[PDB]
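Working notes for the structure below.
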Amino acid sequence: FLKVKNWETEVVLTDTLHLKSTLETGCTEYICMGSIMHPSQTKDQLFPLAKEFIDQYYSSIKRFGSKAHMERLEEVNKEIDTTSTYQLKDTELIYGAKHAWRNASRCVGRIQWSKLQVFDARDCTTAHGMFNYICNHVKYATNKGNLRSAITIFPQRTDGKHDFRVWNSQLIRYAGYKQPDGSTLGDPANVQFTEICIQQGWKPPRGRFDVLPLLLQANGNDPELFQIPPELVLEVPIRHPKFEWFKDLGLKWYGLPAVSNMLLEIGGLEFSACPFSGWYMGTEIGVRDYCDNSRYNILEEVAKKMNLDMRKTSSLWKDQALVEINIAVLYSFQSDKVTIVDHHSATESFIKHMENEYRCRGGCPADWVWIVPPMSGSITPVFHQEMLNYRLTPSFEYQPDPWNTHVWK
Amino acid sequence: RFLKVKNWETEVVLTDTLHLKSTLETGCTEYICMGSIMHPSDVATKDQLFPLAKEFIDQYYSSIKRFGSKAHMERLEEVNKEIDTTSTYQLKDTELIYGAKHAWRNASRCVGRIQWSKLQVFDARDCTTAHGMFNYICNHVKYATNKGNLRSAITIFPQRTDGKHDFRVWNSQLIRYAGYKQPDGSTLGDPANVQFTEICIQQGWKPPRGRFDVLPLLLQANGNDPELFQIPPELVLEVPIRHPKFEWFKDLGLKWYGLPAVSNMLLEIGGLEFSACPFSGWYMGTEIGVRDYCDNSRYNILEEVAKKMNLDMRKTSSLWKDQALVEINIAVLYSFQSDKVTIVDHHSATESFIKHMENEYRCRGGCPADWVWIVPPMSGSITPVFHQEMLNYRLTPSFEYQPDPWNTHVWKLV
Ligand code: HEM
Ligand code: HEM
Ligand SMILES: Cc1cc(N)nc(COc2cc(CCN3CCC(F)CC3)cc(F)c2F)c1
Ligand SMILES: Cc1cc(N)nc(COc2cc(CCN3CCC(F)CC3)cc(F)c2F)c1
Ligand SMILES: C[C@H](O)[C@H](O)[C@H]1CNc2nc(N)[nH]c(=O)c2N1
Ligand SMILES: C[C@H](O)[C@H](O)[C@H]1CNc2nc(N)[nH]c(=O)c2N1
Ligand SMILES: [Zn+2]
């Protein structure tokens with residue numbers, strides 16, 4: 001029983017959902033870690049986590065206690081006694097993936113949480129199979145431009161030495177090349193991964209927007225390279241609806257944001273390979289990818305073309321050029337009928353999602369630090385929205401980058 | 001135990017040991033974070049005050065490289081007898097200056113704390129009446145304003161005693177504009193201040209009923225009914241907002257006061273509560289151009305600005321709001337600079353806060369900071385603080401929120 005207030009509306013929501021959290025958020029009563037990106041770090045161990053999810057699943061359909069429930073427990077309980085684990089019924093698999101997304105406190109997009117396509121890839125055994133499932137995921141999810149949310153779930157962690165992992169952080173990312181002069185070409189955030197792919201035999205075309213290969217690890221084996229068919233990689237070239245010099249900037253971005261490095265936790269099961277894809281919020285590309293200094297850093301480039309007074313910072317030349325960039329992104333995706341959402345709509349829809357969640361569910365964990373868009377913050381409704389943040393399962397956790405943890409054969 | 005924060009833009013990692021000294025609660029639990037809650041949550045006894053006083057005194061003497069000295073020991077025994085015989089005690093002036101400066105230094109929600117040690121402290125603890133308060137504040141204002149070359153300052157009034165004799169500035173900030181609800185539901189002036197404007201009008205304030213009326217001060221000395229005073233207009237520095245490019249922007253008739261001066265907060269030093277402690281600095285541009293002008297519960301001018309910018313306001317995705325926001329904040333920054341009124345843009349101010357924070361880690365072992373507030377409310381991630389992990393914890397001496405006096409004051413006359 002905890003209240004959260006919206007200061008712009010004076011609307012007030014009561015939160016009971018948080019009482020059903022059990023994972024430490026990293027904060028204590030003495031020190032908040034709300035801006036820390038990574039705050040926290042057998043039989044009588046896995047069955048509790050399994051028992052809880054199944055209990056939770058049958059509650060979402062009122063079969064709480066019914067003989068299937070009581071039997072599912074014993075079925076799961078004895079699978080652990082022999083096979084040291086258990087497998088999720090298809091329904092449970094789809095419920096858990098939709099509910100890791102429902103519980104993603106950092107995701108502004110969760111108004112769509114129940115509209116999730118779940119591709120079960122738990123029979124997969126090789127990287128070539130991993131490539132096939134992902135190729136199908138990307139095609140389905142891209143859908144000619146009318147994007148659809150989707151997750152593909154590979155076999156669960158079995159012993160750690162047989163993890164399925166997508167080594168790319170995202171299914172679709174541009175390469176990053178260290179330069180002779182010491183600078184960088186392409187996406188700098190990816191230089192390390194690009195160098196891994198080159199070391200692994202990828203032939204870099206050494207351009208600004210080179211689509212990285214899929215680096216796929218199945219059953220703990222060494223990873224393997226695959227080039228996604230380019231006809232599956234929808235890209236949008238960035239032009240501006242006013243500045244006709246903007247296309248001259250040579251900018252483009254891919255259309256499909258697809259997170260492949262996170263871990264999906266259902267009932268004590270760890271799916272170390274579970275790429276999930278949505279559609280972009282415009283700011284992600286226009287603010288973070290294009291303007292972050294550690295990224296494509298086009299701010300200075302745009303202002304030069306914009307005539308702005310880059311003398312002093314109080315001219316706000318960065319802010320002005322920033323807005324124009326994000327106009328050009330939103331307008332380029334919509335000109336190509338590729339799904340995209342601006343931060344105004346997306347935050348507005350998230351306010352409504354919060355209302356919905358407090359009403360039907362009694363709460364909705366949200367990370368204000370991540371929900372508020374990286375530009376124009378206070379002119380969006382989530383800025384004025386108090387948010388409780390807490391960790392419900394099923395969930396997407398982070399996990400160590402595989403190369404830091406993989407013994408090569 | 002240490003604690004690491006990383007800057008994700010520069011990969012610099014800092015180590016926080018200073019959190020170990022925090023005491024009051026963040027509001028968070030081990031299972032829930034309240035980091036974005038604005039206010040998570042009669043007077044102390046002898047048995048409470050002793051360890052609070054000894055703690056602050058230990059820290060003051062540890063600050064002046066005099067920990068354990070006889071001055072320190074004598075002071076502790078002096079402070080102890082006072083609490084034992086008077087149930088409270090009185091800060092020396094050095095201790096008040098130190099206490100005020102370190103309450104600003106400990107203010108996690110404040111991005112300007114690089115300036116924390118250049119703070120003019122006005123000891124107003126000899127004040128007994130509201131007229132006396134008005135005189136101390138007038139002096140504060142004139143001093144801080146300095147004909148535009150603003151100087152940080154705090155005026156500190158008698159500490160709380162039993163809780164029934166509090167000093168209070170009912171004004172939330174010393175200089176703010178009146179707001180008037182109209183019969184038709186529209187609001188004239190600043191909508192934020194409409195409840196407070198009514199309170200003044202009830203107390204006898206005759207309101208100009210304009211868009212930019214300076215509210216009277218409403219000053220409460222020693223638990224008594226509060227009393228109204230007009231700040232002398234010559235003492236209220238105001239800036240006409242104009243745009244360097246848009247020659248029509250002056251036609252919006254926007255203006256704002258130069259001195260931001262918070263006066264509803266409670267300054268806590270050594271367990272002593274200074275319920276009236278107006279402090280003042282200089283503005284960051286976004287505070288006026290983003291929150292004051294563009295918040296929808298505020299002056300709410302984006303529409304009208306976009307109109308005259310000929311912006312496609314049909315769909316949000318045109319980013320007409322974002323476009324007009326930048327131009328407003330260009331106008332505010334350009335206007336204060338044109339009249340040589342101290343103001344700081346959000347880039348400069350955040351770049352400086354990163355320097356402060358890093359310096360604070362080196363010399364002090366940490367710097368409690370509230371990311372939700374530190375990040376400017378526009379262009380968040382193109383400012384270095386957005387990529388900067390921060391630890392929030394409450395160090396004392398501290399600035400604290402306190403109940404609005406009109407929700408707690410039992411009136412007296414007729
Ligand atoms: C459909 C439209 C969607 C939109 C507009 C959207 C938007 C966003 C944005 C803007 C972020 C933060 C951006 C960043 O920091 O990189 C985020 C985070 C996240 N989203 Fe969504 N999302 C969408 C769909 C999905 C889907 C389909 C899932 C599937 C589970 C999902 C789960 C998550 C998770 C787990 C995070 C946190 C990622 C992290 O910690 O880095 N979202 N979302
Ligand atoms: C010297 C220049 C200063 C600058 C540029 C500055 C900037 C800011 C800004 C932008 C905020 C956010 C408040 C809001 O959004 O309403 C803030 C908060 C705050 N500042 Fe500073 N400030 C300055 C001086 C001071 C001084 C002199 C003190 C006290 C001695 C102080 C104590 C605080 C406190 C306690 C808060 C929290 C306000 C609250 O919680 O409502 N600041 N500051
Ligand atoms: C499901 C979904 C929908 C949506 N609309 N967006 C996303 C997020 O996808 C991405 C995020 C990033 C930034 C990652 N950033 C850097 C530090 C760490 F790597 C984590 C934070 C780059 C990128 F290329 C992306 F595709 C996911
Ligand atoms: C010393 C100092 C320096 C500085 N640069 N800024 C400040 C902050 O002072 C102010 C803040 C506001 C907004 C109040 N804000 C709104 C949400 C709720 F009402 C909580 C409070 C209006 C105003 F007129 C101010 F002066 C103080
Ligand atoms: C709900 C949220 O805490 C609230 O809108 C906060 C967010 N961050 C802020 N940051 C600053 N500087 N000033 C504010 O008033 C706020 N408001
Ligand atoms: C330090 C800070 O926690 C970090 O930079 C966060 C802030 N908020 C964010 N919000 C979003 N949406 N995405 C991010 O990557 C981040 N980064
Ligand atoms: Zn917290």
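In the structure tokens, the first chain shown is A, the next is B, and so on; residue numbers restart at 1 for each chain, and ligands run from 1 in the order shown.
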**OP:** Dump the neighbourhood of ligand 6 as a list in words: all residues within 6 Å, distances computed on only C-alpha atoms and all ligand atoms.
**Re:**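 Here is the list of contacting residues: residues 35, 36, 37, 369, 370 and 371 of chain A; 8, 386, 387, 388 and 389 of chain B.
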**OP:** Kindly provide, as number ranges by chain, all nucleotide and amino acid residues lying within 8 Å of ligand 1, counting only C-alpha atoms and all ligand atoms.
**Re:** A: 97-98, 100-102, 104-110, 112-113, 116, 148-151, 259, 262, 276-281, 283-284, 340-341, 346, 370-371, 373, 395-398
Sort by chain and increasing residue number a table of all residues of chain B within 6 Å of chain A, each with its closest pair of atoms and their distance in Å to one decimal, counting only C-alpha atoms, and write it as a Markdown table.
| residue | atom | partner | partner_atom | distance |
| --- | --- | --- | --- | --- |
| B:25 | CA | A:30 | CA | 5.1 |
| B:26 | CA | A:29 | CA | 5.5 |
| B:27 | CA | A:29 | CA | 5.9 |
| B:28 | CA | A:29 | CA | 4.9 |
| B:29 | CA | A:29 | CA | 5.1 |
| B:30 | CA | A:28 | CA | 4.7 |
| B:31 | CA | A:24 | CA | 4.7 |
| B:32 | CA | A:390 | CA | 4.8 |
| B:33 | CA | A:389 | CA | 5.2 |
| B:34 | CA | A:388 | CA | 5.7 |
| B:35 | CA | A:34 | CA | 5.6 |
| B:36 | CA | A:386 | CA | 5.6 |
| B:37 | CA | A:386 | CA | 5.2 |
| B:317 | CA | A:342 | CA | 5.7 |
| B:345 | CA | A:314 | CA | 5.5 |
| B:377 | CA | A:378 | CA | 5.0 |
| B:378 | CA | A:376 | CA | 4.3 |
| B:379 | CA | A:375 | CA | 4.1 |
| B:380 | CA | A:374 | CA | 4.9 |
| B:381 | CA | A:374 | CA | 5.0 |
| B:389 | CA | A:36 | CA | 5.3 |
| B:390 | CA | A:35 | CA | 5.9 |
| B:391 | CA | A:33 | CA | 5.7 |
| B:392 | CA | A:32 | CA | 5.1 |
| B:393 | CA | A:31 | CA | 4.7 |
Original post:
Can you list, as a list in words, every residue of stretch 261-398 of chain B that DSSP puts in strand (DSSP E)?
Top reply: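 Answer for stretch 261-398 of chain B, restricted to strand (DSSP E): residues 261, 262, 266, 267, 268, 269, 272, 273, 274, 279, 280, 283, 284, 343, 344 and 398 of chain B.
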**OP:** Identify, counting only C-alpha atoms and all ligand atoms, the protein, DNA and RNA residues located within 8 Å of ligand 4, and give them as a list in words.
**Re:** residues 7 of chain A; 38, 110, 112, 152, 172, 173, 174, 175, 176, 192, 259, 260, 261, 262, 279, 280, 281, 282, 283, 284, 287, 291 and 292 of chain B
Per residue of stretch 251-279 of chain B within 6 Å of stretch 168-171 of chain B, note the shortest atom pair and the distance in Å to one decimal, counting only C-alpha atoms, and order the rows by chain and increasing residue number, as a Markdown table.
| residue | atom | partner | partner_atom | distance |
| --- | --- | --- | --- | --- |
| B:263 | CA | B:169 | CA | 6.0 |
| B:275 | CA | B:168 | CA | 5.9 |
| B:276 | CA | B:168 | CA | 4.7 |
Convert the current residue selection to file output with N, CA, C and O atoms, as a PDB file, in the first residue's frame.
ATOM      1  N   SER B 263      12.530  29.355   0.078  1.00  0.00           N
ATOM      2  CA  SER B 263      12.311  29.809   1.450  1.00  0.00           C
ATOM      3  C   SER B 263      11.305  28.966   2.207  1.00  0.00           C
ATOM      4  O   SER B 263      10.830  29.400   3.269  1.00  0.00           O
ATOM      5  N   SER B 275      13.589  26.392  10.716  1.00  0.00           N
ATOM      6  CA  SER B 275      12.401  26.338   9.869  1.00  0.00           C
ATOM      7  C   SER B 275      12.312  27.491   8.874  1.00  0.00           C
ATOM      8  O   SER B 275      11.553  27.399   7.904  1.00  0.00           O
ATOM      9  N   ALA B 276      13.046  28.578   9.085  1.00  0.00           N
ATOM     10  CA  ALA B 276      13.069  29.666   8.118  1.00  0.00           C
ATOM     11  C   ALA B 276      14.525  29.962   7.812  1.00  0.00           C
ATOM     12  O   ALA B 276      15.285  30.389   8.699  1.00  0.00           O
TER      13      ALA B 276
END
Subject >> Selected residue, from A:300, A:187, A:120, A:181, that lies nearest to residue A:91 when counting only C-alpha atoms >> reply: A:120
Given only C-alpha atoms and all ligand atoms, how would the per-residue table for chain B near ligand 2 read, listing every residue at most 8 Å away with its closest atom pair and distance in Å to one decimal, sorted by chain and number, as JSON lines?
{"residue": "B:100", "atom": "CA", "partner": "ligand 2", "partner_atom_place_in_ligand_line": "30 (C)", "distance": 6.4}
{"residue": "B:101", "atom": "CA", "partner": "ligand 2", "partner_atom_place_in_ligand_line": "30 (C)", "distance": 6.3}
{"residue": "B:103", "atom": "CA", "partner": "ligand 2", "partner_atom_place_in_ligand_line": "30 (C)", "distance": 6.7}
{"residue": "B:104", "atom": "CA", "partner": "ligand 2", "partner_atom_place_in_ligand_line": "29 (C)", "distance": 4.3}
{"residue": "B:105", "atom": "CA", "partner": "ligand 2", "partner_atom_place_in_ligand_line": "30 (C)", "distance": 7.8}
{"residue": "B:107", "atom": "CA", "partner": "ligand 2", "partner_atom_place_in_ligand_line": "35 (C)", "distance": 5.0}
{"residue": "B:108", "atom": "CA", "partner": "ligand 2", "partner_atom_place_in_ligand_line": "37 (C)", "distance": 7.3}
{"residue": "B:109", "atom": "CA", "partner": "ligand 2", "partner_atom_place_in_ligand_line": "37 (C)", "distance": 4.8}
{"residue": "B:110", "atom": "CA", "partner": "ligand 2", "partner_atom_place_in_ligand_line": "18 (C)", "distance": 3.8}
{"residue": "B:111", "atom": "CA", "partner": "ligand 2", "partner_atom_place_in_ligand_line": "7 (C)", "distance": 5.1}
{"residue": "B:112", "atom": "CA", "partner": "ligand 2", "partner_atom_place_in_ligand_line": "4 (C)", "distance": 4.0}
{"residue": "B:113", "atom": "CA", "partner": "ligand 2", "partner_atom_place_in_ligand_line": "23 (C)", "distance": 6.5}
{"residue": "B:115", "atom": "CA", "partner": "ligand 2", "partner_atom_place_in_ligand_line": "1 (C)", "distance": 5.7}
{"residue": "B:116", "atom": "CA", "partner": "ligand 2", "partner_atom_place_in_ligand_line": "27 (C)", "distance": 6.7}
{"residue": "B:119", "atom": "CA", "partner": "ligand 2", "partner_atom_place_in_ligand_line": "27 (C)", "distance": 6.4}
{"residue": "B:151", "atom": "CA", "partner": "ligand 2", "partner_atom_place_in_ligand_line": "1 (C)", "distance": 7.4}
{"residue": "B:152", "atom": "CA", "partner": "ligand 2", "partner_atom_place_in_ligand_line": "27 (C)", "distance": 4.9}
{"residue": "B:153", "atom": "CA", "partner": "ligand 2", "partner_atom_place_in_ligand_line": "27 (C)", "distance": 5.8}
{"residue": "B:154", "atom": "CA", "partner": "ligand 2", "partner_atom_place_in_ligand_line": "30 (C)", "distance": 6.1}
{"residue": "B:262", "atom": "CA", "partner": "ligand 2", "partner_atom_place_in_ligand_line": "38 (C)", "distance": 7.5}
{"residue": "B:265", "atom": "CA", "partner": "ligand 2", "partner_atom_place_in_ligand_line": "35 (C)", "distance": 7.4}
{"residue": "B:279", "atom": "CA", "partner": "ligand 2", "partner_atom_place_in_ligand_line": "30 (C)", "distance": 5.4}
{"residue": "B:280", "atom": "CA", "partner": "ligand 2", "partner_atom_place_in_ligand_line": "27 (C)", "distance": 5.2}
{"residue": "B:281", "atom": "CA", "partner": "ligand 2", "partner_atom_place_in_ligand_line": "1 (C)", "distance": 4.0}
{"residue": "B:282", "atom": "CA", "partner": "ligand 2", "partner_atom_place_in_ligand_line": "2 (C)", "distance": 4.7}
{"residue": "B:283", "atom": "CA", "partner": "ligand 2", "partner_atom_place_in_ligand_line": "5 (C)", "distance": 5.2}
{"residue": "B:284", "atom": "CA", "partner": "ligand 2", "partner_atom_place_in_ligand_line": "5 (C)", "distance": 5.2}
{"residue": "B:286", "atom": "CA", "partner": "ligand 2", "partner_atom_place_in_ligand_line": "10 (C)", "distance": 7.6}
{"residue": "B:287", "atom": "CA", "partner": "ligand 2", "partner_atom_place_in_ligand_line": "10 (C)", "distance": 6.1}
{"residue": "B:291", "atom": "CA", "partner": "ligand 2", "partner_atom_place_in_ligand_line": "15 (O)", "distance": 7.8}
{"residue": "B:343", "atom": "CA", "partner": "ligand 2", "partner_atom_place_in_ligand_line": "5 (C)", "distance": 7.4}
{"residue": "B:344", "atom": "CA", "partner": "ligand 2", "partner_atom_place_in_ligand_line": "5 (C)", "distance": 6.4}
{"residue": "B:349", "atom": "CA", "partner": "ligand 2", "partner_atom_place_in_ligand_line": "5 (C)", "distance": 6.7}
{"residue": "B:373", "atom": "CA", "partner": "ligand 2", "partner_atom_place_in_ligand_line": "12 (C)", "distance": 6.2}
{"residue": "B:374", "atom": "CA", "partner": "ligand 2", "partner_atom_place_in_ligand_line": "12 (C)", "distance": 7.1}
{"residue": "B:376", "atom": "CA", "partner": "ligand 2", "partner_atom_place_in_ligand_line": "10 (C)", "distance": 7.5}
{"residue": "B:398", "atom": "CA", "partner": "ligand 2", "partner_atom_place_in_ligand_line": "35 (C)", "distance": 7.7}
{"residue": "B:399", "atom": "CA", "partner": "ligand 2", "partner_atom_place_in_ligand_line": "35 (C)", "distance": 5.1}
{"residue": "B:400", "atom": "CA", "partner": "ligand 2", "partner_atom_place_in_ligand_line": "35 (C)", "distance": 7.2}
{"residue": "B:401", "atom": "CA", "partner": "ligand 2", "partner_atom_place_in_ligand_line": "40 (O)", "distance": 7.1}
Can I get the selection written as a PDB file, in the first residue's frame, with C-alpha atoms?
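Printed below is out_20.pdb as written:
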ATOM      1  CA  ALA B 100      24.792  26.102   6.182  1.00  0.00           C
ATOM      2  CA  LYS B 101      27.594  25.540   3.693  1.00  0.00           C
ATOM      3  CA  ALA B 103      23.788  21.561   4.030  1.00  0.00           C
ATOM      4  CA  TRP B 104      24.144  23.047   0.552  1.00  0.00           C
ATOM      5  CA  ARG B 105      27.071  20.750  -0.108  1.00  0.00           C
ATOM      6  CA  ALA B 107      21.887  18.749  -1.167  1.00  0.00           C
ATOM      7  CA  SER B 108      21.679  15.797  -3.565  1.00  0.00           C
ATOM      8  CA  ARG B 109      19.061  17.484  -5.739  1.00  0.00           C
ATOM      9  CA  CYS B 110      21.251  20.518  -6.462  1.00  0.00           C
ATOM     10  CA  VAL B 111      23.396  20.696  -9.597  1.00  0.00           C
ATOM     11  CA  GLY B 112      25.101  23.952  -8.662  1.00  0.00           C
ATOM     12  CA  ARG B 113      26.989  22.647  -5.616  1.00  0.00           C
ATOM     13  CA  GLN B 115      29.775  26.827  -5.641  1.00  0.00           C
ATOM     14  CA  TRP B 116      28.943  25.387  -2.214  1.00  0.00           C
ATOM     15  CA  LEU B 119      27.936  31.167   0.419  1.00  0.00           C
ATOM     16  CA  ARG B 151      25.844  36.097  -5.121  1.00  0.00           C
ATOM     17  CA  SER B 152      24.730  32.961  -3.296  1.00  0.00           C
ATOM     18  CA  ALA B 153      23.286  33.627   0.117  1.00  0.00           C
ATOM     19  CA  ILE B 154      21.232  32.289   2.994  1.00  0.00           C
ATOM     20  CA  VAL B 262      13.927  29.056  -1.885  1.00  0.00           C
ATOM     21  CA  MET B 265      12.839  24.545   3.312  1.00  0.00           C
ATOM     22  CA  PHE B 279      18.673  30.792   0.435  1.00  0.00           C
ATOM     23  CA  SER B 280      19.288  32.069  -3.058  1.00  0.00           C
ATOM     24  CA  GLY B 281      21.613  31.521  -5.970  1.00  0.00           C
ATOM     25  CA  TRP B 282      21.362  32.109  -9.692  1.00  0.00           C
ATOM     26  CA  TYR B 283      19.200  30.318 -12.239  1.00  0.00           C
ATOM     27  CA  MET B 284      19.931  27.525 -14.617  1.00  0.00           C
ATOM     28  CA  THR B 286      15.987  25.385 -18.016  1.00  0.00           C
ATOM     29  CA  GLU B 287      14.401  26.294 -14.688  1.00  0.00           C
ATOM     30  CA  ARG B 291       9.716  24.411 -16.144  1.00  0.00           C
ATOM     31  CA  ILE B 343      22.396  32.684 -15.300  1.00  0.00           C
ATOM     32  CA  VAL B 344      23.854  29.311 -16.316  1.00  0.00           C
ATOM     33  CA  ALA B 349      26.015  23.717 -15.238  1.00  0.00           C
ATOM     34  CA  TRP B 373      16.852  16.073 -10.327  1.00  0.00           C
ATOM     35  CA  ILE B 374      20.424  16.529 -11.529  1.00  0.00           C
ATOM     36  CA  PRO B 376      18.219  18.895 -16.784  1.00  0.00           C
ATOM     37  CA  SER B 398      20.873  18.961   5.340  1.00  0.00           C
ATOM     38  CA  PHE B 399      18.117  20.953   3.745  1.00  0.00           C
ATOM     39  CA  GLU B 400      14.766  19.239   4.367  1.00  0.00           C
ATOM     40  CA  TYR B 401      11.231  19.762   3.160  1.00  0.00           C
TER      41      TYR B 401
END
**OP:** Figure out the distance between atom CA of residue B:269 and atom CA of residue B:66, please, to one decimal in Å.
**Re:** 19.2 Å
**OP:** Determine the nearest neighbour of ligand 5 from the options B:9, B:82, B:227, B:370, counting only C-alpha atoms and all ligand atoms.
**Re:**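 Among B:9, B:82, B:227, B:370, it is B:370 that comes nearest to ligand 5.
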**OP:** Find the residues around residue A:143 up to 12 Å (only C-alpha atoms counted), leave out those fewer than 2 positions away in its own chain, and share them as a ChimeraX atom specification.
**Re:** /A:136-141,145-150,231-234,255-256,278-279,337-339
**OP:** Fewer than 3 positions away in the same chain doesn't count, so skip those; otherwise give me all residues within 9 Å of residue B:49, counting only C-alpha atoms, as a PyMOL selection string.
**Re:** chain B and resi 44-46+52-54+83+87-88+270-272
**OP:** Can you pull out every residue within 9 Å of stretch 306-316 of chain B, counting only C-alpha atoms, but drop anything in the same chain fewer than 2 positions away, and send it as a list in words?
**Re:** residues 342, 343, 344 and 345 of chain A; 246, 248, 249, 301, 302, 303, 304, 318, 319, 320, 321, 323, 324 and 325 of chain B
Residues of the last selection are to be written out with N, CA, C and O atoms, as an mmCIF file, in the first residue's frame.
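In the end it all went to result13.cif:
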data_model
loop_
_atom_site.group_PDB
_atom_site.id
_atom_site.type_symbol
_atom_site.label_atom_id
_atom_site.label_comp_id
_atom_site.auth_asym_id
_atom_site.auth_seq_id
_atom_site.Cartn_x
_atom_site.Cartn_y
_atom_site.Cartn_z
ATOM 1 N N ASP A 342 7.147 8.434 -31.616
ATOM 2 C CA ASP A 342 7.854 9.524 -30.972
ATOM 3 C C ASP A 342 7.719 9.407 -29.459
ATOM 4 O O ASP A 342 6.806 8.745 -28.937
ATOM 5 N N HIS A 343 8.641 10.086 -28.754
ATOM 6 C CA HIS A 343 8.666 10.071 -27.297
ATOM 7 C C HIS A 343 7.410 10.675 -26.678
ATOM 8 O O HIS A 343 7.073 10.319 -25.546
ATOM 9 N N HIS A 344 6.713 11.583 -27.372
ATOM 10 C CA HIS A 344 5.462 12.106 -26.823
ATOM 11 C C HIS A 344 4.402 11.018 -26.787
ATOM 12 O O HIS A 344 3.832 10.717 -25.729
ATOM 13 N N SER A 345 4.127 10.409 -27.949
ATOM 14 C CA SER A 345 3.125 9.352 -28.000
ATOM 15 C C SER A 345 3.493 8.217 -27.056
ATOM 16 O O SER A 345 2.659 7.765 -26.262
ATOM 17 N N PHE B 246 14.152 35.834 -33.351
ATOM 18 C CA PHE B 246 12.735 36.120 -33.514
ATOM 19 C C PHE B 246 12.441 37.472 -32.871
ATOM 20 O O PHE B 246 12.359 37.592 -31.645
ATOM 21 N N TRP B 248 9.752 38.998 -32.935
ATOM 22 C CA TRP B 248 8.411 38.944 -32.374
ATOM 23 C C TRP B 248 8.391 38.387 -30.961
ATOM 24 O O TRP B 248 7.355 38.470 -30.294
ATOM 25 N N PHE B 249 9.489 37.803 -30.493
ATOM 26 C CA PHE B 249 9.460 37.180 -29.177
ATOM 27 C C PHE B 249 9.259 38.219 -28.078
ATOM 28 O O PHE B 249 8.593 37.948 -27.071
ATOM 29 N N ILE B 301 3.521 28.073 -22.627
ATOM 30 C CA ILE B 301 3.626 28.984 -23.763
ATOM 31 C C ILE B 301 4.064 28.293 -25.040
ATOM 32 O O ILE B 301 4.147 28.958 -26.086
ATOM 33 N N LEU B 302 4.350 26.979 -24.997
ATOM 34 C CA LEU B 302 4.799 26.260 -26.188
ATOM 35 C C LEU B 302 3.855 26.477 -27.366
ATOM 36 O O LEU B 302 4.294 26.855 -28.458
ATOM 37 N N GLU B 303 2.557 26.222 -27.163
ATOM 38 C CA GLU B 303 1.548 26.478 -28.188
ATOM 39 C C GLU B 303 1.775 27.818 -28.871
ATOM 40 O O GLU B 303 1.932 27.900 -30.093
ATOM 41 N N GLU B 304 1.790 28.886 -28.066
ATOM 42 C CA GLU B 304 1.810 30.228 -28.627
ATOM 43 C C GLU B 304 3.132 30.497 -29.324
ATOM 44 O O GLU B 304 3.173 31.157 -30.368
ATOM 45 N N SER B 318 5.907 15.839 -35.460
ATOM 46 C CA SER B 318 6.618 16.981 -36.028
ATOM 47 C C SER B 318 7.640 17.547 -35.061
ATOM 48 O O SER B 318 8.562 18.243 -35.497
ATOM 49 N N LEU B 319 7.492 17.262 -33.764
ATOM 50 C CA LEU B 319 8.359 17.800 -32.714
ATOM 51 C C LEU B 319 8.264 19.322 -32.651
ATOM 52 O O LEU B 319 9.258 20.016 -32.418
ATOM 53 N N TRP B 320 7.051 19.847 -32.853
ATOM 54 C CA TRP B 320 6.834 21.278 -32.678
ATOM 55 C C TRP B 320 7.105 21.708 -31.236
ATOM 56 O O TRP B 320 7.657 22.788 -31.001
ATOM 57 N N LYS B 321 6.745 20.869 -30.256
ATOM 58 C CA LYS B 321 7.029 21.199 -28.859
ATOM 59 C C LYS B 321 8.526 21.291 -28.608
ATOM 60 O O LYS B 321 9.017 22.285 -28.053
ATOM 61 N N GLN B 323 10.993 21.673 -30.743
ATOM 62 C CA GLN B 323 11.555 22.805 -31.472
ATOM 63 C C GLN B 323 11.336 24.110 -30.711
ATOM 64 O O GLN B 323 12.278 24.889 -30.505
ATOM 65 N N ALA B 324 10.098 24.365 -30.277
ATOM 66 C CA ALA B 324 9.814 25.644 -29.632
ATOM 67 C C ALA B 324 10.474 25.728 -28.264
ATOM 68 O O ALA B 324 10.889 26.816 -27.831
ATOM 69 N N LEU B 325 10.594 24.590 -27.575
ATOM 70 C CA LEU B 325 11.249 24.582 -26.275
ATOM 71 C C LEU B 325 12.663 25.141 -26.384
ATOM 72 O O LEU B 325 13.028 26.075 -25.668
#
**OP:** Choose the residue, out of A:403, A:53, A:358, A:1, that has the smallest atom-to-atom separation from residue A:220; count only C-alpha atoms.
**Re:**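 Distance minimum relative to residue A:220 lands on A:403.
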**OP:** Select from stretch 178-393 of chain B everything DSSP, run on the backbone, classes as alpha helix (DSSP H), then give the selection as a PyMOL selection string.
**Re:** chain B and resi 194-202+285-286+302-308+320-338+346-364+371-374
